[PDB]
Structures are given as structure tokens and as C-alpha cells.
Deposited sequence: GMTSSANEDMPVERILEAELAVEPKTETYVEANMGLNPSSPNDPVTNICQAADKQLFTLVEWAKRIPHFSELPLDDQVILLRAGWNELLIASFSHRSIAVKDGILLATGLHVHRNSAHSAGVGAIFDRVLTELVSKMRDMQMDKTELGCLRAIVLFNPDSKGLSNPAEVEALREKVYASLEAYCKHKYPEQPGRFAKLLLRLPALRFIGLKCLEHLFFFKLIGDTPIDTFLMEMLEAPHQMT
């Protein structure tokens, strides 16, 4: 019961990515990495606008974003790519098609993004409010090491659960399984997130690459 309003979360989401990125008339990894760095800056902006995030100890705010940026960004670009054919759409306006993802040695994880995230979000018509709540759930992860008050982070996570649940009930009353189907997108996001972090550890390691560097 909206100690965590879904209207605000939707606001925080709508605060990124406009029409002007038509285009500006390949190396997918550098393109993806460049989109990542860009979106890392807007991620702090997103987080500030998620209810009660700012009200948390600052060091905590730092670790939550340190722990979840990875999944938080993958969640966003995946949902943005719902209408695209065999690819993703970056926040810089570029497409990455799968063949260049294979060409760059990252085909396997890339195809997982397409099947376990994008295609699933498309088939259920996940909405932006839903996407924002899931990201907030990923944000408020109380097992992250270094947290001063994990039970406060757990409390916030649980408020997203109740509020997202209420939202799905009101908006989609003919789909009583909707709230569970949303939460069940998270295991694939975690797996993908982990594999992606290893690939970046690798690209950092060989010098294939600023805010992003800090995050790694």
C-alpha cells in the first residue's frame, strides 16, 4: 500500500532516453561499453528518484549501485529492445545485431539476452512501471556486503513487492499470475548479469575498453 508509489518509479524510468537518438548516420563491444558508461551516469539519476533510496546511508547507496548496476542496465536495454528483430537497441541509438555479436566472440551470452530477457518481456508485454519495479527490487538487494542496515534494505525491497503486486492486481485483474511471472524474470537476469561481468573483467584485463572502469 504505497509506501513506495508506482507513479514515482514510472517517473524515474521516464527520466531517460528521447526521440532525437534517431541516429547519427562494427565494434559491438566498444559500442555496448560506450552505451554502458553513458547510462551509468543516468543510473545514479534513476536511483535518486526511486522512493527512499536517497534516505539511505550514503555508503549504502554506493554499494547498492556497485552491486546492481550490471543487472540494472541489462534490464533497461533488454526492455527497450522488445520490438527489435534479433538485436538490442543501445541508449546511444545504435543497434547491435546478433551476427556482429557472434563476430565479436560474444554470441552465446547475446543470444541468451534475446531468448531469456527480451523475448520474455515482449511475450508478456511487460510495461515500464513493471520494469521499473523489477529494477527497484534488483536495486534494494540486502545481501550486498558492507551494508550498515540490511533489514532496512530488505524492508524497502519488500515494499516494492507489495506495491508491484497491488499494481498488477489493479491494472491486470484478468492475469492473476502476472506478479509471479514478473519476479520469475529475475533468475535469468542474475545469470546473464554474472556472465556479462566476466566478459567485462576480461575486456578490462586485455585493455579492450571511465565510470565503467570505476565500476569494474
Can you list the gaps, numbered from 1 on the deposited sequence, where no C-alpha is modelled?
1 to 6, 32 to 41, 226 to 228, 236 to 242
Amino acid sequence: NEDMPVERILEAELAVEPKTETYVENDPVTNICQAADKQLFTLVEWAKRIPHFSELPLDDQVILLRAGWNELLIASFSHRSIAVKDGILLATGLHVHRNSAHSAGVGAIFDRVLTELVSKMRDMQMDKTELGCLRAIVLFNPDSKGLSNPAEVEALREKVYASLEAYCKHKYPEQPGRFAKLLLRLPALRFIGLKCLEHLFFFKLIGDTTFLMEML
From here on, numbers count along this sequence of modelled residues.
Per the PDB entry, mean CA B-factor is higher for 89 to 97 or 74 to 82, namely for 89 to 97
Averaging the C-alpha B factors as listed in the entry, name the stretch that ends up higher: 177 to 185 or 64 to 72.
64 to 72
Taking the values straight from the PDB record, which of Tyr167, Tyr161, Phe191, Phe41 has the highest C-alpha temperature factor?
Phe41
Among modelled residues of the same chain, the CA temperature factor third for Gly132:
lowest
By the recorded C-alpha temperature factor, relative to the other modelled residues in its chain, which third is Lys145 in?
highest
By its CA B factor, does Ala104 count among the lowest, middle or highest third of the modelled residues in the chain?
highest
